[PDB]
Amino acid sequence: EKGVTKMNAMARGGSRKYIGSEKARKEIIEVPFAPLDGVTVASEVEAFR
Amino acid sequence: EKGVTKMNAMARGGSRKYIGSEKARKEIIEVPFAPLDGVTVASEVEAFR
Amino acid sequence: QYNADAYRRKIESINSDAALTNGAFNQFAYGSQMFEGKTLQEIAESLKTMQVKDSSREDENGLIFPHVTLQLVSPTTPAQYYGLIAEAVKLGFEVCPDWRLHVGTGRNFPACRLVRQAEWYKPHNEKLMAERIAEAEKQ
Amino acid sequence: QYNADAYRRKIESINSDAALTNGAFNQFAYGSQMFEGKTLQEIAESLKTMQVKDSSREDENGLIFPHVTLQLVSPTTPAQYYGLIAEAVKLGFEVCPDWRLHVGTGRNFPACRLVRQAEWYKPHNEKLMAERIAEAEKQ
Amino acid sequence: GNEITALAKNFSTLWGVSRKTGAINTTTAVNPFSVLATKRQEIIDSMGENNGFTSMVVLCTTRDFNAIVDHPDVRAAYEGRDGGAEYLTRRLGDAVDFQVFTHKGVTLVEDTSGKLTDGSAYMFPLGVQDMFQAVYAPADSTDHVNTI
Amino acid sequence: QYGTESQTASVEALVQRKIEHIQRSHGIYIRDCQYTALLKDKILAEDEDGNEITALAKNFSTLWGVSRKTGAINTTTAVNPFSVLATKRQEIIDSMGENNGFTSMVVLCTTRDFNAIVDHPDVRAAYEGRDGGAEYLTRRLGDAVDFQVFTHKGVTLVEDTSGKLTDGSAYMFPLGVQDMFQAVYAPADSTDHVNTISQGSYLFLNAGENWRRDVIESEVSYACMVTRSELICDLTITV
Amino acid sequence: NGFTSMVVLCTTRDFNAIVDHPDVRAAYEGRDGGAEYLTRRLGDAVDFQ
Amino acid sequence: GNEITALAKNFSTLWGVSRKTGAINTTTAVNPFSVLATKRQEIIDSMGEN
Amino acid sequence: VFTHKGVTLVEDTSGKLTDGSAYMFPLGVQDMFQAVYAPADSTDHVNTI
């Protein structure tokens, strides 16, 4: 989003440094979990090669 | 029948890791055998060793 | 076989009224040999009422097709190629109105498909079909 | 300037008798807008006796040039392009016999150069030249 | 085979945006690329700040690709060029074999995987930063929890 | 901890991200400055609330006493839009003087305006009926971005898809004229970085000023300049 | 619906007789070398139609 | 005193749920508690098995 | 090379063919053209591949 790293402005030489942060759109979701564990090794070298 | 897609979403962490199928339609056949041994390795054609 | 629509339905489709709307039945008049020692008017007249030739697996000399396509080859100046198009249309040899039917032999891109006149094709086609059917029946 | 062969020799070369043999004096009739809401016969009639247009640094609307070149652009089906060529030649709009003069705008390769009729170009060109010379003299 | 609403979060609801629509009847005489360019312009108007993108692609199936290309307005254009080996995608990949066509600013791309329903194409810009993101979460073990 | 010496695994990633973010923001700022200079003829100076600082927002048409040309093209009307651009090409040509060395007549505009003008009845016959492509000098030189170029009658249209231009604003200006567009960087706001040649965009790591965190401080001082502002011809397009 | 194509495998006689039909003769004559992935992917190794 | 929309998240639009409403004017007549009772039944139906 | 009517002309510029001698023959027919190498003329290189 425009504004969070928007240095812009013109400030003033000597003081009043803009500490731009926060107010950023951010949603946290849960990553779906999908197992493909369906398997049954018979010998397969125990998959140990 | 009508679509096959493995690796579904599946819940994370402690959950059911389905490693086998229960409701399906399976068939068993015997795979034919076919040797072609017709050959005679000459004493010179034993460079395989 | 034995005139079982091989010369009754084939010729009917060759003359037809929708064979012009559809493709098929196209005769190619390329360059090189077609221009050796011939005038533009002479070539245009010869193009009209020009039956098919060899290498045609379908009907060999199967009468006069309703569409003749003249294209531009390497030994053909654009004066010659555009010469025939203007000369032919003068003697009533109008061009096909379907833009999809203006194609060449893949390469040699410039190709114009010219539709023959009805009198120059359909009477002769019908007469040839009747004669061929009679000759096949007399056997 | 002031009609010092700028309209006496220029128009003489525009009509001429060797301007057909040489190149130059070519009007381009591209596609897109030239086909919007017009029939083939209407477009062919409009092509005849069609004076020049803007962006011509030489003479702007400098009368009717002896050569009109119609080419194939992207928004133009081959039925439309070959439609004009057959329609125009029917009303006496013969094609240029010089193969070197059949060129387009570099790209859009298919281009046919059509030579206008003498009556449709030379009388009007002479009349316009005379009127322009008279108007320049009256100043 | 039923969607989990507790995990199938929609996209143009989570942020608060909405996709565009379109309609391309290749049987009609209107140029399909006119509509494609109009939607491209509408998409460009919706970027604004950075608006730096590599290309404008339209992901279509073989049937849709050939129906759009074989339009009377586009045929000649396709026959003359057909890409002419002067396309961004054809020069970037140069190994994958699929139909491409750049015309009026939008790059037609043919998807041959069977994942797209016929009569459904999706315009979207390539190169827009952080427009498409994906991530791999850790395992479901107590030793790979809080582990990269 | 200044791990740019033994930068084994994670330095070249976290550091790369940090600078790729900081310089991205500074580039956004600099693009804003350049576009404000070219479109509005003024130095971009603003307050936190977005109110222009008049002490620094020095206009360019008064700092040199020159006036931009102005024009208007209506696409709906029957007059050829390139005929208008042909005349105002000469108006800029005359004001160039006797040191004319321009490369191209850029008429940089927006996508909507580009499409509207190229779709004019007089223009489409040449845009569709030609546009040879890979022949325009700009297209051959760049060849690394998606922008439409149309060089008709000397005028070289260029569609701008960066979203910094409001619709109906075509800004015609020569390209390649020496010392017509100038830019300047300035040093930092430190006693160490005073009377020192500007090093571009600055960046510092402030640790001891606070205790709740450690602060990275970036400081860029930049200003563009259009000296010969009598050659830019702002236009208005109605569609 | 995961099908890539819809192939109709035939012989030389069948192919040459099914495409020379009047309703498809012109379409075959005016065809393009970019037919599909078959002529592209499997090209330069098998000379088929 | 201006809301930060990046932090002020409405609960209804957060949980994918909606809230109930009501409308009562006690100045005219009738017993307002009927609407309250109906809302009570709606809420307890919403809780259901609890 | 000129592939006309199935016939595939191939000009040979190796100078081993006398003029007016065109030799038509199928290509790819299995076990139609065969070649054989033989061992040397030494006692060491006899009964050796």
# chains A, B, ... in the order shown; residues from 1 in each chain; ligands from 1
>>> residues_around(residues="residue 24 (chain C)", least_positions_apart="3", cutoff="7 Å", atoms="only C-alpha atoms", output="count of residues only")
3
>>> interface_residues(of="chain C", to="chain I", cutoff="12 Å", atoms="only C-alpha atoms", output="number ranges by chain")
C: 54-57
>>> write_last_selection(atoms="N, CA, C and O atoms", output="PDB file, in the first residue's frame")
ATOM      1  N   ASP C  54      -3.289 -33.696 -64.844  1.00  0.00           N
ATOM      2  CA  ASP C  54      -2.803 -34.896 -64.184  1.00  0.00           C
ATOM      3  C   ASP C  54      -2.552 -34.638 -62.700  1.00  0.00           C
ATOM      4  O   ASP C  54      -2.756 -33.537 -62.182  1.00  0.00           O
ATOM      5  N   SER C  55      -2.115 -35.693 -62.014  1.00  0.00           N
ATOM      6  CA  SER C  55      -1.815 -35.734 -60.584  1.00  0.00           C
ATOM      7  C   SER C  55      -3.046 -35.505 -59.717  1.00  0.00           C
ATOM      8  O   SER C  55      -2.915 -35.446 -58.488  1.00  0.00           O
ATOM      9  N   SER C  56      -4.233 -35.376 -60.303  1.00  0.00           N
ATOM     10  CA  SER C  56      -5.471 -35.230 -59.544  1.00  0.00           C
ATOM     11  C   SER C  56      -6.009 -36.625 -59.259  1.00  0.00           C
ATOM     12  O   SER C  56      -6.542 -37.293 -60.147  1.00  0.00           O
ATOM     13  N   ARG C  57      -5.859 -37.074 -58.012  1.00  0.00           N
ATOM     14  CA  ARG C  57      -6.307 -38.416 -57.652  1.00  0.00           C
ATOM     15  C   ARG C  57      -7.824 -38.529 -57.710  1.00  0.00           C
ATOM     16  O   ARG C  57      -8.363 -39.605 -57.999  1.00  0.00           O
TER      17      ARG C  57
END
>>> residues_around(residues="residue 227 (chain F)", least_positions_apart="4", cutoff="8 Å", atoms="only C-alpha atoms", output="PyMOL selection string")
chain F and resi 60+64+179-182
>>> write_last_selection(atoms="N, CA, C and O atoms", output="PDB file, in the first residue's frame")
ATOM      1  N   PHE F  60       8.767  26.317 -12.123  1.00  0.00           N
ATOM      2  CA  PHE F  60       9.787  26.440 -13.153  1.00  0.00           C
ATOM      3  C   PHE F  60       9.444  27.472 -14.215  1.00  0.00           C
ATOM      4  O   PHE F  60      10.350  27.957 -14.898  1.00  0.00           O
ATOM      5  N   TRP F  64      12.434  30.913 -14.321  1.00  0.00           N
ATOM      6  CA  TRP F  64      13.131  31.288 -15.542  1.00  0.00           C
ATOM      7  C   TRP F  64      12.346  32.246 -16.422  1.00  0.00           C
ATOM      8  O   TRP F  64      12.886  32.703 -17.435  1.00  0.00           O
ATOM      9  N   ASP F 179      21.036  19.473 -21.462  1.00  0.00           N
ATOM     10  CA  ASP F 179      20.837  20.370 -20.324  1.00  0.00           C
ATOM     11  C   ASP F 179      19.450  21.009 -20.339  1.00  0.00           C
ATOM     12  O   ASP F 179      19.291  22.200 -20.068  1.00  0.00           O
ATOM     13  N   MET F 180      18.438  20.209 -20.665  1.00  0.00           N
ATOM     14  CA  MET F 180      17.046  20.614 -20.527  1.00  0.00           C
ATOM     15  C   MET F 180      16.376  20.018 -19.304  1.00  0.00           C
ATOM     16  O   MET F 180      15.550  20.685 -18.680  1.00  0.00           O
ATOM     17  N   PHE F 181      16.715  18.781 -18.951  1.00  0.00           N
ATOM     18  CA  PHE F 181      16.250  18.137 -17.730  1.00  0.00           C
ATOM     19  C   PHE F 181      17.469  17.818 -16.880  1.00  0.00           C
ATOM     20  O   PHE F 181      18.334  17.044 -17.300  1.00  0.00           O
ATOM     21  N   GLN F 182      17.537  18.409 -15.693  1.00  0.00           N
ATOM     22  CA  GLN F 182      18.667  18.216 -14.802  1.00  0.00           C
ATOM     23  C   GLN F 182      18.181  17.779 -13.428  1.00  0.00           C
ATOM     24  O   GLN F 182      17.088  18.141 -12.986  1.00  0.00           O
TER      25      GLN F 182
END
>>> residues_around(residues="residue 49 (chain I)", least_positions_apart="6", cutoff="10 Å", atoms="only C-alpha atoms", output="PyMOL selection string")
(chain B and resi 42-45) or (chain I and resi 37-40)
>>> write_last_selection(atoms="N, CA and C atoms", output="mmCIF file, in the first residue's frame")
data_model
loop_
_atom_site.group_PDB
_atom_site.id
_atom_site.type_symbol
_atom_site.label_atom_id
_atom_site.label_comp_id
_atom_site.auth_asym_id
_atom_site.auth_seq_id
_atom_site.Cartn_x
_atom_site.Cartn_y
_atom_site.Cartn_z
ATOM 1 N N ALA B 42 29.115 -66.400 -27.629
ATOM 2 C CA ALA B 42 30.392 -66.950 -28.040
ATOM 3 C C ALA B 42 31.444 -66.674 -26.972
ATOM 4 N N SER B 43 32.509 -67.476 -26.991
ATOM 5 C CA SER B 43 33.573 -67.303 -26.009
ATOM 6 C C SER B 43 34.203 -65.920 -26.086
ATOM 7 N N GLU B 44 34.114 -65.256 -27.237
ATOM 8 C CA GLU B 44 34.555 -63.873 -27.361
ATOM 9 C C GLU B 44 33.502 -62.885 -26.888
ATOM 10 N N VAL B 45 32.223 -63.202 -27.077
ATOM 11 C CA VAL B 45 31.129 -62.363 -26.608
ATOM 12 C C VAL B 45 30.914 -62.462 -25.108
ATOM 13 N N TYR I 37 31.874 -56.512 -40.603
ATOM 14 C CA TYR I 37 33.312 -56.374 -40.463
ATOM 15 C C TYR I 37 33.886 -57.727 -40.072
ATOM 16 N N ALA I 38 35.167 -57.922 -40.340
ATOM 17 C CA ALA I 38 35.840 -59.177 -40.053
ATOM 18 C C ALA I 38 37.150 -58.904 -39.335
ATOM 19 N N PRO I 39 37.686 -59.891 -38.613
ATOM 20 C CA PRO I 39 38.944 -59.668 -37.889
ATOM 21 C C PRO I 39 40.139 -59.497 -38.813
ATOM 22 N N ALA I 40 41.322 -59.344 -38.229
ATOM 23 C CA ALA I 40 42.537 -59.089 -38.988
ATOM 24 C C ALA I 40 43.059 -60.395 -39.580
#
>>> closest_residue(among="A:11, A:36, A:31, A:47", to="chain E", atoms="only C-alpha atoms")
A:31
>>> interface_residues(of="chain B", to="chain A", cutoff="8 Å", atoms="only C-alpha atoms", output="MDAnalysis selection string")
chainID B and resid 6:13 17:21
